[PDB]
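Structure first, commentary second.
One is the number of the first residue; the rest follow in order along the sequence. Counting convention: from 1, in listed order, for ligands and their atoms alike.
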Amino acid sequence: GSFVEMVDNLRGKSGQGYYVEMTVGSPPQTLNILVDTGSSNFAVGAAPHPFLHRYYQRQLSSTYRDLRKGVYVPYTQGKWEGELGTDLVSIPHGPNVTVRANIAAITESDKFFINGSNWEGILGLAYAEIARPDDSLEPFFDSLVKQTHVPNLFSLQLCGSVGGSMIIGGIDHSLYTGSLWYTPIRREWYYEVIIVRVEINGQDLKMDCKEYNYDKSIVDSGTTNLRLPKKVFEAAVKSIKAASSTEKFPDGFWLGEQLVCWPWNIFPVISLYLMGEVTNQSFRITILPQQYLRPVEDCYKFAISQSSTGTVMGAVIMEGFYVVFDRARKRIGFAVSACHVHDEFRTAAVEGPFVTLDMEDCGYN
Ligand SMILES: CC#C[C@]1(c2cc(NC(=O)c3ccc(C#N)cn3)ccc2F)N=C(N)OCC12CC(F)(F)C2
């Protein structure tokens, strides 16, 4: 219930994500590693890419073991490829343990490392099913739990130069107010959840709830935006446009093609009702414009965007909440974050219970 050593173990820069300090190899090589609940590989820079402060030097490690197997990982914005091995991995501001884990040594990439960022690898915290090349490659957290007495959960407080906490193996009650409310992990691949209802300023979108989860809904710390399926986004922007019609803005702003510069109260709250733990029971999470209007260094980007890969509950959602990935119990907890950005009139909320029928119909098959 209290893990003072792991509080404030996350750093970052606005729009560049949250990283934790890790050590790989013997003797230990310190690296900054992006915390990513949306993927399942531990993959680290291993060559002198000019964007990198530092990189894994396998030759300096007595505990390195070659798996003699490559991995090629394309995605929409470029790619990464590497050489698979294992080594001793530890987290200085995490539990006092050392695990042998899979490491993908990154040897070629495109649009992967960010120019000007301060991280040099990615910690994929999701499940084996989506690991590359396949589900036989054991994710870091699976190895951590198998090899130690660290309980099978972690929690994230993303605050938003940004900070936060990754509490590994537990919950720190000082990081949130009120109660945690839990939604079932629908399937152990991504952190998949089911959205059963959507409100803008209390006004229901009145869509078949299957649309909210077309073709999935996930909790992803490795994504900035709240991403909504095309049809849902269309309807969401329509209602946000109406609620905020005091001032007019160009079409492009709502498409994230332009910025807007200067006002919070003109903008509506967004509420996602999540499937609860009990038959016919749900709960609601509520975010402010402070979450979905991203400061760009007074200009702001509209951080709700359309998607073809489902709902992505990225930093826009997570910065309002303390988020518990309760792997042991196949559930994700949300509670109001003790660090979220708010004004004197509105705060992010987690509320329940609500009565919602046919919640199982909301999941896509
Ligand atoms: C390994 C891996 C992976 C990725 C990935 C994520 C990122 N993410 C970021 O750079 C980022 C920036 C700002 C925030 C905030 N707040 C969070 N994350 C970069 C490269 C990736 F490659 N991880 C996530 N969650 O989604 C995108 C992918 C690329 C993919 F293959 F489609 C998966």
Practice task
Please check if atom NZ in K230 has more than 12 non-hydrogen atoms from other residues, nucleotides or ligands closer than 6.0 Å.
Solution key: no
Completion exercise
Short version for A43: what comes under 4.0 Å of ligand 1, heavy atoms counted, is neither
Exercise for the section: Please confirm whether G15 comes under 4.0 Å of ligand 1, counting heavy atoms of the residue only. Expected result: yes
Exercise for the section: Using a strict 4.0 Å cut-off to heavy atoms of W80, name the atoms of ligand 1 that fall inside it. Expected result: 1 (C)
Handout entry: Greater than 12 external heavy atoms within 6.0 Å of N96's CG
Key = no
Exercise for the section: Kindly confirm or rule out an N or O of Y18 lying under 3.5 angstrom from an N or O of ligand 1. Expected result: no
Fill in the blank from the handout: Between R197 and the options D204, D358, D208, the salt bridge (charged side-chain N to carboxylate O under 4.0 Å, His left out) test singles out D204
Fill in the blank from the handout: Quick note on ligand 1: atoms under 4.0 Å from a heavy atom of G17 include exactly 12 (C), 13 (C), 14 (C), 15 (C), 17 (C)
Exercise for the section: Compute the ring centroids of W181 and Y176, then answer whether they are less than 6.0 Å apart. Expected result: no
Exercise for the section: May I ask whether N41 has any heavy atom positioned less than 4.0 angstrom from an atom of ligand 1? Expected result: no
Exercise for the section: Could you establish whether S117 and ligand 1 come within less than 4.0 Å of each other, counting only heavy atoms on the residue side? Expected result: no
Fill in the blank from the handout: Any heavy atom of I114 under 4.0 Å from ligand 1? The part involved is side chain
Fill in the blank from the handout: Filtering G124, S221, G222 for the heavy atom nearest atom 6 (C) of ligand 1 leaves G222
Handout entry: Check: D343 main-chain N/O paired with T347 side-chain donor or acceptor under 3.5 Å
Key = no
Exercise for the section: Could you check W264, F249, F267 and say which one makes a ring pair (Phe, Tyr, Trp, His ring centres under 6.0 Å) with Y300? Expected result: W264
Exercise for the section: Establish, for the pair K216 and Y190, whether the NZ or CZ atom is under 6.0 angstrom from the six-membered ring centre and no further than 45 degrees off its axis. Expected result: yes
Handout entry: Short N or O distance, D36 and ligand 1, threshold 3.5 Å exclusive
Key = yes
Exercise for the section: Evaluate the side-chain proximity of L88 to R100: yes if any heavy-atom separation is below 4.5 Å, no if none is. Expected result: yes
Handout entry: Check ion pair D8-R11 (N to O, under 4.0 angstrom)
Key = yes
Fill in the blank from the handout: Per-atom filter on ligand 1: closer than 4.0 angstrom to a heavy atom of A315 are 16 (N)
Practice task
Could you tell me which atoms of ligand 1, counted from 1 in the order shown, lie closer than 4.0 angstrom to a heavy atom of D220?
Solution key: 24 (C), 25 (N), 26 (O)
Handout entry: Under 4.0 Å to a heavy atom of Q16 - the qualifying atoms of ligand 1, by number
Key = 12 (C), 13 (C)
Fill in the blank from the handout: Taking only non-hydrogen atoms of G38 and a 4.0 Å limit, the atoms of ligand 1 in range are 25 (N)
Problem - Close aromatic pair by centroid cut-off 6.0 Å: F141 and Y127 - result: no
Fill in the blank from the handout: Numbered in order shown, the ligand 1 atoms found under 4.0 Å of a heavy atom of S39 are 1 (C), 2 (C)
Practice task
Report yes if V73 has an N/O atom closer than 3.5 Å to an N/O atom of ligand 1; otherwise report no.
Solution key: no
